[PDB]
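Data file: upload26.cif. Format and content: mmCIF, C-alpha atoms and all ligand atoms.
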```cif
data_entry
loop_
_atom_site.label_atom_id
_atom_site.label_comp_id
_atom_site.auth_asym_id
_atom_site.auth_seq_id
_atom_site.Cartn_x
_atom_site.Cartn_y
_atom_site.Cartn_z
CA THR A 1 64.93 -92.52 52.05
CA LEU A 2 66.45 -91.46 48.79
CA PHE A 3 67.96 -94.07 46.49
CA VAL A 4 70.90 -93.89 44.06
CA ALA A 5 71.47 -95.76 40.81
CA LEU A 6 74.16 -98.45 40.79
CA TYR A 7 74.40 -98.73 37.01
CA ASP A 8 73.10 -97.12 33.87
CA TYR A 9 69.64 -98.33 32.81
CA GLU A 10 67.99 -97.95 29.38
CA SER A 11 64.22 -98.21 29.71
CA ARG A 12 62.12 -100.26 27.34
CA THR A 13 58.93 -98.18 27.15
CA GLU A 14 57.48 -94.94 28.51
CA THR A 15 56.49 -96.78 31.69
CA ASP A 16 60.02 -97.35 32.98
CA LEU A 17 62.54 -94.56 33.51
CA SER A 18 65.97 -94.42 31.90
CA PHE A 19 68.77 -93.23 34.19
CA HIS A 20 72.52 -93.02 34.68
CA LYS A 21 74.68 -94.48 37.42
CA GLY A 22 74.78 -92.10 40.38
CA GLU A 23 71.40 -90.50 39.71
CA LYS A 24 69.28 -90.05 42.81
CA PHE A 25 65.57 -90.72 43.20
CA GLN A 26 62.66 -89.95 45.48
CA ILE A 27 60.52 -93.10 45.78
CA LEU A 28 56.78 -92.67 45.23
CA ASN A 29 55.40 -96.25 45.49
CA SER A 30 57.51 -99.30 46.39
CA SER A 31 54.72 -101.76 47.33
CA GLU A 32 53.40 -102.78 43.92
CA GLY A 33 56.40 -105.07 43.60
CA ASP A 34 60.11 -104.90 42.91
CA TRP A 35 59.71 -102.08 40.34
CA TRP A 36 59.17 -98.72 42.04
CA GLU A 37 57.62 -95.49 40.82
CA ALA A 38 60.31 -92.89 41.32
CA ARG A 39 61.21 -89.27 40.62
CA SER A 40 64.69 -88.34 39.45
CA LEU A 41 66.19 -85.62 41.62
CA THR A 42 68.20 -84.61 38.57
CA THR A 43 65.35 -84.22 36.08
CA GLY A 44 62.17 -84.62 38.11
CA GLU A 45 61.08 -87.18 35.51
CA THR A 46 59.00 -89.99 36.97
CA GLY A 47 58.59 -93.61 36.02
CA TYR A 48 59.24 -97.13 37.20
CA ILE A 49 62.79 -98.15 38.09
CA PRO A 50 64.06 -101.65 38.91
CA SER A 51 64.77 -101.78 42.63
CA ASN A 52 67.79 -104.07 42.03
CA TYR A 53 69.42 -101.15 40.20
CA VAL A 54 69.34 -98.74 43.20
CA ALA A 55 70.61 -98.60 46.77
CA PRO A 56 69.69 -96.36 49.71
CA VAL A 57 71.79 -93.26 49.92
CA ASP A 58 74.55 -93.06 52.54
NA NA B 101 61.14 -94.81 29.42
NA NA B 102 68.58 -102.26 45.55
#
```

Re-express the file's structure as structure tokens.
Ligand code: NA
Ligand code: NA
Amino acid sequence: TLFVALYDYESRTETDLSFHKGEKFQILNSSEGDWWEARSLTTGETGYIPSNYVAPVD
């Protein structure tokens, strides 16, 4: 399942990933907690994203 960003997000450190609304992600690990390691389909950049900022793609 790919996920899509609901809102813009400005990351705090190098651990979490900044992204824009509408960006899509491949999820790498979602079972450390509610922050998921993810890869942007736009940039291929990876980092943690807040799961409450994404939804599964149509
Ligand atoms: Na960051
Ligand atoms: Na969500």

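With all atoms listed in the file counted, the chains near ligand NA 102 (chain B) contribute these residues within 10 Å: residues 3, 4, 5, 6, 34, 50, 51, 52, 53, 54, 55 and 56 of chain A.
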
Neighbours of ligand NA 101 (chain B) within 8 Å, counting all atoms listed in the file, as a count of residues only? 10

Select, from A:30, A:2, A:58, A:25, the residue with the minimum atom-to-atom distance to residue 43 of chain A, counting only C-alpha atoms.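 Closest to residue 43 of chain A, using only C-alpha atoms: A:25.
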